[PDB]
Amino acid sequence: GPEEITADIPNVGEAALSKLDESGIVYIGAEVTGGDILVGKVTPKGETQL
Amino acid sequence: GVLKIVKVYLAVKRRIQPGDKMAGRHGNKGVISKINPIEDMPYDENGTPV
Amino acid sequence: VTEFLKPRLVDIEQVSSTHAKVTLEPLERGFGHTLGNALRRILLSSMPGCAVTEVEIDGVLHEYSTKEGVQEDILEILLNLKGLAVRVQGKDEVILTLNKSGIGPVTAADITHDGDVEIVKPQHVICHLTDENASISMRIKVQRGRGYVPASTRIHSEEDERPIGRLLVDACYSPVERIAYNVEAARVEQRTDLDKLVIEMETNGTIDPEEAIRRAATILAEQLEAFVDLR
């Protein structure tokens, strides 16, 4: 399936999505540091095989 | 295969720090070893530090 | 032999708004240079002062941008505001406001008048408006501190900086630009081995010279208590 640019990211708190807009992309002017999400993207996977 | 691309542009101000290579126009390269406090630098009769 | 003559602050020759000459007299043999270098090293590193630490320019989001009608980039305006010399009376943080419209230089004399804030160089140019319909409006946060605190030390200390558009300025808080000292011979009544110490002092205008000498000598005397006690 297609990868999706989104602000709805699993295993990531609301604090790490603080400077992303509703499209999952960082705001212009945002002071970011290493590890901050700039563009939120999720890849569809399957068969986790727990 | 590509559905979309998001290019983010980061502007990073890099201050000078020990390990940065500095040079003159006469082949006198070198690496900053220490950043010395102003009252530790050598100074002339008028108090102007180097 | 076991008793020393102690110096006293004899003279303050205020050469300029930002340049002074303090005389300490009389000094025993060798104490001119002891006190001179201790006071120079403290005056040059440890004096408190107010510096611009944050600016909110009205329409801008980051400093790598340009305002329309202003001749300078926002980064150059912030570098001009970094060198703004303010003395704040009775506070440790103030927010100044600068609104200015029309063609001309936006100087420090255009910052709106706070009662407990004194701009010591009102001719200090902040920007140039090059358009008659252009206007600039900023909220400049002046803060009292000591030494040099870069904004890098201050970004991710929490500071509740939810607003994008609040730009941090590196804060050089020290009001002292240059200390020189000279040990001359004093003209005391009986003795000839007595010195005097002249401290030439360039500042940004925002600290009194005698007050800075008092403050540096107080810092010395408080650091010497651990040795006077020595337990």
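Chain letters run A, B, ... following the sequence lines, proteins first and then strands; every chain starts at 1. Side-chain atoms are counted along with the backbone in the values below, which use heavy atoms only and exclude waters and symmetry mates.
- A distance of 5.5 Å separates OH in C:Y64 from NZ in B:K13, rounded to the nearest 0.5 Å.
- To the nearest 0.5 Å, atom OG1 of residue B:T48 and atom CD of residue C:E177 are 11.5 Å apart.
- A cation-pi contact links C:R40 to B:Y43, judged by a cut-off of 6.0 Å to the six-membered ring centre and 45° from its axis.
- Applying the 6.0 Å contact sphere to NZ of C:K21 captures more than 12 heavy atoms from other residues, nucleotides or ligands.
- With a threshold of 4.5 angstrom between heavy atoms, C:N182 does not approach chain B through any atom at all.
- No more than 12 heavy atoms of other residues, nucleotides or ligands lie within 6.0 Å of CZ in C:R8, so this atom counts as exposed by the packing criterion.
- Across C:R178 and B:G47, no two heavy atoms sit closer than the pair CG-O, 3.7 Å.
- Around atom CG of C:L220, more than 12 heavy atoms belonging to other residues, nucleotides or ligands sit under 6.0 Å away.
- Atom CD of B:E39 is separated from atom CG of C:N37 by 9.5 Å, given to the nearest 0.5 angstrom.
- For C:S174, no part sits under 4.5 Å from any heavy atom of chain B, backbone or side chain.
- Neither the backbone nor the side chain of C:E202 has a heavy atom closer than 4.5 Å to any heavy atom of chain B.
- Enclosure of atom CD in C:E211 by more than 12 non-hydrogen atoms of other residues, nucleotides or ligands within 6.0 angstrom is indicated.
- Within 6.0 Å of CD in C:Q123 there are more than 12 heavy atoms belonging to other residues, nucleotides or ligands.
- The number of heavy-atom neighbours closer than 6.0 Å to CD of C:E161, taken from other residues, nucleotides and ligands shown, is above 12.
- Only the side chain of C:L75 comes within less than 4.5 Å of a heavy atom of chain B; its backbone N, CA, C and O stay farther away.
- For B:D40, the parts sitting under 4.5 Å from any heavy atom of chain C are the backbone and the side chain alike.
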